[PDB]
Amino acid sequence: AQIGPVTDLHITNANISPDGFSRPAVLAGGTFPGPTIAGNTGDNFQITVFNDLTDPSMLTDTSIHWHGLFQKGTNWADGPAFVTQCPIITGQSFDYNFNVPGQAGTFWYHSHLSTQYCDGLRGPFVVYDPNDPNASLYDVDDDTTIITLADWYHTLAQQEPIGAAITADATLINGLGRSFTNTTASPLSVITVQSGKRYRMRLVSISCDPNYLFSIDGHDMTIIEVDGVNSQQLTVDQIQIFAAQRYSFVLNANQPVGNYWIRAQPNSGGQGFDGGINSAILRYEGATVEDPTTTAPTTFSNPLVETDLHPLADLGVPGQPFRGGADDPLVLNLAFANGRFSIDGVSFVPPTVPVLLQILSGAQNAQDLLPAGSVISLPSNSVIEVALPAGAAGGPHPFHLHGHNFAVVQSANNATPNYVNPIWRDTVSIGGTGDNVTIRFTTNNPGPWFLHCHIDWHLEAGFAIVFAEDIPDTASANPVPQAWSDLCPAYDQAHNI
């Protein structure tokens, strides 16, 4: 069952074996992935997070972010540790109480402390639209049509050795999959459809790192939603999905009754499908209970290309139709050297006092805010452009902005900008060397919003900045509950800070 919009959510340690290998984990709701949190557009979510963690090898503190939800007026509920709150300590709970006006689509939630979400604290978050303009395109849309793609590691996140390459040990589709090495024939996920029906498949990357080439043998996929934003219908036969992105696609169960491979090929880790790695099963009702015998093509006919996507609504692009045609045009210098990422020469290291708390205590320019050089102010009610030129090692980097979605004025692997009708989304691959992926948005949401690569290993290694949007109005716009004010004193006392 789905939970919410008012629910408790306990965060615990447990052993799991999603690929046949047992390891301890950090779990929401006792499962990997965590349970789906759901409601309708405009609802009040009240998620009381109980931190019951006791194993320090995966950190006993926690903080949860609701990825893609704008948190307007509730910046304190956004979740990034040391940006909007101090972590919740073990044995305590915290009510994330917020509303989702004006949003409907496919989101997710995850730990936003260190690399803890890699250890298991990740799950889907769906905001349904009772008046969805896409409703007539499908028959079924429920918990059975959510498809999560996850990387899974045998080594604990905190225990990944300094100086060694980090790659995953299994791809998990709906929480199950097989290990790349020492593969055993552990159970694969089954997604069941009925011949003749149409399904809104909500594809969620809960990845800590790899992008996936997602496909379904024998089928094609009609994209209708991108990171919460309704799209015009775009039919593809493969989707390259980067960490933290979401798509909804219509799956028409229009092939013969049978079994079909679902494929999710990561860009690192195991290549191919030997032994049933990187795989799940699409099973039609009435099919034999057996593995598919289908193959992929050598070459896909209609892969997703981001510039092919367009909003369903007339969203346009704010500003003027040329580079720099914004009130606050920025170009970030995104770099990597010697194990650390930097943005404009500064590697992100979380501050002792959360950025929001520093602002509420009266720090009122970005040069006053810690970490020094990691907080950039944005003016209110302004068109912002951010160019994100690629080149830094470890790409392609999926950059994500909290508190906002954005127009993708320029996409990976294509030098031509689009000032007319590009897709809007919240996490975008910045592409390859020489690219100039560029985003735009308007500043109508006062508070400190994290901008970072969503490869969690890269965030940990510093690939982030904070946009302190409308510092002057942050305090009036974001009244804080007493329980939030209590977080840092409790955290600092527990940690002898």
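Numbers follow the displayed sequence, beginning with 1. Rigid core: the largest C-alpha set superposing within 1.5 Å between the two forms.
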item: Of 154 to 162 and 113 to 121, which departs more from this form in 9 other deposited structures of this protein by CA RMS after core fitting; value: 154 to 162
item: Core-aligned Cα RMS comparison in 9 other deposited structures of this protein - stretch that moves more, 165 to 173 or 301 to 309; value: 165 to 173
item: Residue stretch of maximal mean CA temperature factor, 106 to 114 vs 326 to 334; value: 326 to 334
item: Which of 235 to 243 and 279 to 287 has higher mean CA B factor, as the PDB entry lists it; value: 279 to 287
item: Out of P396, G123, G269, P80, highest CA B-factor residue; value: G269
item: Criterion, highest CA B-factor; candidates, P354, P133, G228, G403; value: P133
item: Where the record places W76 (Cα B-factor, split into thirds across the chain); value: lowest
item: Modelled-residue ranking by C-alpha temperature factor, third containing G431; value: middle
item: Chain-relative CA temperature factor third for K197; value: highest
item: CA B-factor ranking of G316, expressed as a third of its chain; value: highest
item: B-factor third for the C-alpha atom of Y419 within its chain; value: middle
